[PDB]
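K.L.:
Chains as they are written, first to last, in the entry's author numbering: chain B, 1 to 270; chain A, 1 to 270.
Protein chains: 2
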Amino acid sequence: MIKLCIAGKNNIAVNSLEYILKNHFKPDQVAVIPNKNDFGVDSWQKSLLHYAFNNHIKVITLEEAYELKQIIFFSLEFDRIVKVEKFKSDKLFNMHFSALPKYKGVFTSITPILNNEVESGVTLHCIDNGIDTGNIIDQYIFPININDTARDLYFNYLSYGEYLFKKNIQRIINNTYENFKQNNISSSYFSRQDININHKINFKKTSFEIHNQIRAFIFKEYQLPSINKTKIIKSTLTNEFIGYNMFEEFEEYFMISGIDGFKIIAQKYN
Amino acid sequence: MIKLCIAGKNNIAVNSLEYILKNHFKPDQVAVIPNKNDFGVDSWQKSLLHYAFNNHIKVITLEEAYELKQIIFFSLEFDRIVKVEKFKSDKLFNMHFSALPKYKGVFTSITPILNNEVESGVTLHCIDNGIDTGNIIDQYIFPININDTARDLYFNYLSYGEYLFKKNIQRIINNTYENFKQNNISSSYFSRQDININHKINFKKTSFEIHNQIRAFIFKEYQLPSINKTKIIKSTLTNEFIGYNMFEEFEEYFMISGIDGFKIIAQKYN
Ligand SMILES: Cc1cn([C@H]2C[C@H](O)[C@@H](COP(=O)(O)OP(=O)(O)O[C@H]3O[C@H](C)[C@@H](O)[C@H](N)[C@H]3O)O2)c(=O)[nH]c1=O
Ligand SMILES: Cc1cn([C@H]2C[C@H](O)[C@@H](COP(=O)(O)OP(=O)(O)O[C@H]3O[C@H](C)[C@@H](O)[C@H](N)[C@H]3O)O2)c(=O)[nH]c1=O
Ligand SMILES: Nc1nc(=O)c2c([nH]1)NC[C@@H](CNc1ccc(C(=O)N[C@@H](CCC(=O)O)C(=O)O)cc1)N2C=O
Ligand SMILES: Nc1nc(=O)c2c([nH]1)NC[C@@H](CNc1ccc(C(=O)N[C@@H](CCC(=O)O)C(=O)O)cc1)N2C=O
Ligand SMILES: [K+]
Ligand SMILES: [K+]
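#1: Using only alpha-carbon positions, find the residue among A:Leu4, A:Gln139, A:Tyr177, A:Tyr244 that is nearest to A:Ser257.
#2: Looking at chain A, is there any beta carbon in it that lies within less than 9 angstroms of the beta carbon of B:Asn168?
#3: State yes or no: is the beta carbon of B:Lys69 nearer than 9 angstroms to at least one beta carbon in chain A?
#4: My assumption, with CB atoms under 8 angstroms, is that A:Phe142 sits in contact with A:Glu119. Please give the rounded CB distance.
#5: Could you give the DSSP three-state label for B:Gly161: helix, strand or coil?
#6: Enumerate in chain order the residues of its own chain whose CB-to-CB distance from B:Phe247 is below 6 angstroms, with the five nearest sequence positions on each side excluded.
#7: Against chain B, which members of the segment 248-266 of chain A pass a CB distance test of less than 9 angstroms?
#8: State the Cα-Cα distance for the pair A:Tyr189 and B:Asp194, rounded to the nearest angstrom.
#9: Using a Cβ-Cβ cutoff of 7 angstroms, what residues of the segment 206-218 of chain B are near chain A? List them in chain order.
#10: Taking only beta carbons into account, state which residues of the segment 107-132 of chain B come closer than 8 angstroms to chain A, listed in chain order.
#11: Pop quiz: A:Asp138 and A:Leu124 are said to be a contact at Cβ under 8 angstroms. What is the actual Cβ separation, rounded to whole angstroms?
#12: Applying a beta-carbon distance threshold of less than 8 angstroms, which residues of chain B neighbour A:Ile185?
#13: Across the segment 68-75 of chain A and the segment 71-82 of chain B, are there enough close Cβ pairs to call them in contact, namely three or more that are closer than 8 angstroms?
#14: Which ranges does the alpha helix (DSSP H) cover as unbroken runs of at least 4 residues, wholly within the segment 78-145 of chain B, from first to last along the chain?
#15: Are any of the Cβ atoms in chain A nearer than 9 angstroms to that of B:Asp152?
#16: For the segment 14-25 of chain B and the segment 167-180 of chain B, state whether three or more C-beta atom pairs, one from each stretch, are separated by less than 8 angstroms.
#17: Using a Cβ cut-off of 9 angstroms (strictly closer), state whether A:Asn23 contacts chain B.
#18: Taking the DSSP output, what are the residues bridged to A:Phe25?
#19: Count the other CB atoms, across all protein chains shown, that sit within 10 Å of the CB of B:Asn15; report buried if there are 16 or more and exposed otherwise.
#20: Does at least one heavy atom of ligand 2 sit under 8 angstroms from the Cβ of B:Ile201?
#21: Could you check whether the Cβ of A:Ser75 sits closer than 9 angstroms to any Cβ belonging to chain B?
#22: Cβ-heavy atom distance between B:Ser16 and ligand 2 below 8 angstroms?
#23: Roughly how many angstroms separate the alpha carbons of A:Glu252 and A:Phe217, rounded to a whole number?
#24: Is it buried or exposed for B:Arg215, if we count other Cβ within 10 angstroms and need 16 for buried?
#25: Tell me, please, whether the CB atom of A:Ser98 is closer than 9 angstroms to any CB atom in chain B?
#26: If you measure from the beta carbon of A:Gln193 to each beta carbon in chain B, is any gap under 9 angstroms?
#27: Taking the runs of the beta strand (DSSP E) that are 3 residues or longer, which of them lie wholly in the segment 180-253 of chain A?
#28: Locate the beta strand (DSSP E) running through A:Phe39, then write down its first and last residues.
#29: Tell me whether the beta-carbon of A:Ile113 lies closer than 9 angstroms to the beta-carbon of A:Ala150.
#30: Answer yes or no: the CB of A:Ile136 versus the heavy atoms of ligand 2, is any distance below 8 angstroms?
#31: According to DSSP, which residues form a beta bridge with B:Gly8?
#32: Kindly identify the DSSP beta-bridge partner or partners of B:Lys58.
#33: For A:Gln170, does the three-state DSSP call read helix, strand or coil?
#34: Is it true that the CB of B:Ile12 sits closer than 9 angstroms to the CB of B:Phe165?
#35: Go ahead and pull the three-state DSSP assignment for B:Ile20.
#36: In terms of residues, what are the limits of the beta strand (DSSP E) holding B:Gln70?
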């Protein structure tokens, strides 16, 4: 019988499945639900379907998972909203890429940088019918490094999320895990509508904030931001005072300061 | 000679001047520079100009203060940015109503609430030529209570600002105070153009955030927020679950919940 389903994508799903097969269940006891964008090829992330091909793991549909009594359903960057009533199992779990209750919703590699955070986290929670609202089982809070891009933060999510899954999976299998109501205070949410990938930079901001408005959008597989129609691959915030509200194009980089006058080096793609 | 000049408005300027006269300097050793909104009339705050009238304190121009060597220049909600090179004195101080380096700029009774903070602060800093960028002498951080309005937050800034002035003024008069450069990290700025006082509420947000979008604009002397063209005097958030994305207009109030289902009561005006 299928004891566990991994639904989702990327290194967190693959490496979590790997850890299951090494320590808990056999290929017959596990199934995958891939994302609509999985096409069997490793690239900047490993493919779940490719892992499933290599290890003889069967694909199921959501509808199939609904009817599997006492399946552990683990959502690891799964692309589908799930109604808990459809599931015969109530052992439904999700790894969300934020320090819940903050930064519910999407683009959580962009939203904390853009909203001036210096920390984020990964949260293992119970799935309920709301978006990232379910009861928290565990959480790892970690720094946003000052020059991290959205891509760096995403990679840290994948890594800490894998660690949190590994740490918690035994008590989830054994059904000896605790869960707690999420606080209503400091609860925040961003829908897709709340992010403009092409947003005009506001230069009437601090160096930290101009730097954030650039680096929140540096994620080359998706996009790079532009200044004067030139793509930016990296932004560096220094503590060097160069004067208020500076802007100078060199051939390889822009030198920028905001209202507090700290030097930013924005490296051009050219 | 004039030893100290208080520039600005409201109970912090008046009460800090009263403290100077009781503890430090005679009326003939002090001067004021009132804000342009000061017509000499006590209202929901005391008039600095009215207080100077009753206490035989001289009004000076900025242009006069520039020429007074040794003057302790203290801005307490002063409405004008000064050019520090124009002063003969280097004893230029400001009380800013944020937890610097966060929320430089204006509307600091709105911006921390609107940006989901649970604390703010008052900061005593050296004036330099930037907006709220000068080195910190002292800071006091305090809670934003879950149902505080901008108005409540402003009255807390007034009282903690007055506290911090009275704590530090002796060390400032004896020139025995330390100052520290502000961090470049976590530095944030909001100008008048960054706030729309007729904020349209985004309901595709948590209960905390909808609540924040209402209570950040509750300051009756300036404006009240509206839902469906109806003025709101009070927003109350509890951790009570009432279902996701609720909106129920009653005769005297709205009952609202966001993506996480927490109870908001928005009380209608008179
Ligand atoms: C689509 C897209 C993504 N990104 C970055 C920023 C985003 O955090 C990250 C991952 O994108 P995603 O895989 O589409 O998912 P997202 O971060 O929006 O998270 C959400 O969607 C996924 C699929 C859910 O499983 C997850 N639980 C959701 O929070 O890649 C971009 O920079 N530009 C983009 O266009
Ligand atoms: C003008 C205005 C003000 N307010 C509230 C919100 C604001 O934080 C508070 C104080 O208004 P303010 O006196 O204009 O001061 P503000 O917070 O914008 O601070 C700035 O202006 C003052 C005058 C400077 O001395 C201060 N150092 C600046 O930070 O009153 C409103 O709600 N609506 C308004 O239209
Ligand atoms: N019931 C449930 N709760 C969850 O927290 C959860 C699931 N299912 N399924 C797995 C995963 C999926 N996460 C998400 C989160 C948001 C969107 C999404 O499409 N957001 C839309 C808004 C949709 C709406 O308003 O209803 C957007 O425009 O951003 C998709 C998948 N997840 C936990 O992460
Ligand atoms: N040089 C200096 N630095 C300060 O930090 C400081 C002073 N002066 N003087 C007293 C007080 C003045 N605070 C302020 C803050 C903002 C505006 C203001 O007019 N802001 C405009 C933007 C104008 C511009 O971009 O130059 C706005 O639209 O927000 C005025 C006074 N103050 C510390 O509080
Ligand atoms: K998520
Ligand atoms: K200020």
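Beta carbons are placed, not taken as given, at the ideal position from N, Cα and C, and that holds for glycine.
P.N.:
Well, looking at it:
#1: A:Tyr244
#2: no
#3: no
#4: 7 angstroms
#5: helix
#6: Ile256
#7: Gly258, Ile259, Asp260, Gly261, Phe262, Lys263
#8: 20 angstroms
#9: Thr206, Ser207, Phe208, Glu209
#10: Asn115, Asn116, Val118, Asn129, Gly130, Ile131
#11: 5 angstroms
#12: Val118, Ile146, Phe208, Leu237
#13: no
#14: 111-114
#15: no
#16: yes
#17: no
#18: None, per the DSSP bridge assignment.
#19: buried
#20: no
#21: no
#22: no
#23: 19 angstroms
#24: buried
#25: no
#26: yes
#27: 230-241, 247-249
#28: Per DSSP, A:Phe39 belongs to no beta strand (DSSP E) and is neither H nor E.
#29: yes
#30: no
#31: B:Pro34, B:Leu76
#32: B:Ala31
#33: helix
#34: yes
#35: helix
#36: Note, B:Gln70: premise wrong, no beta strand (DSSP E); not H, not E.
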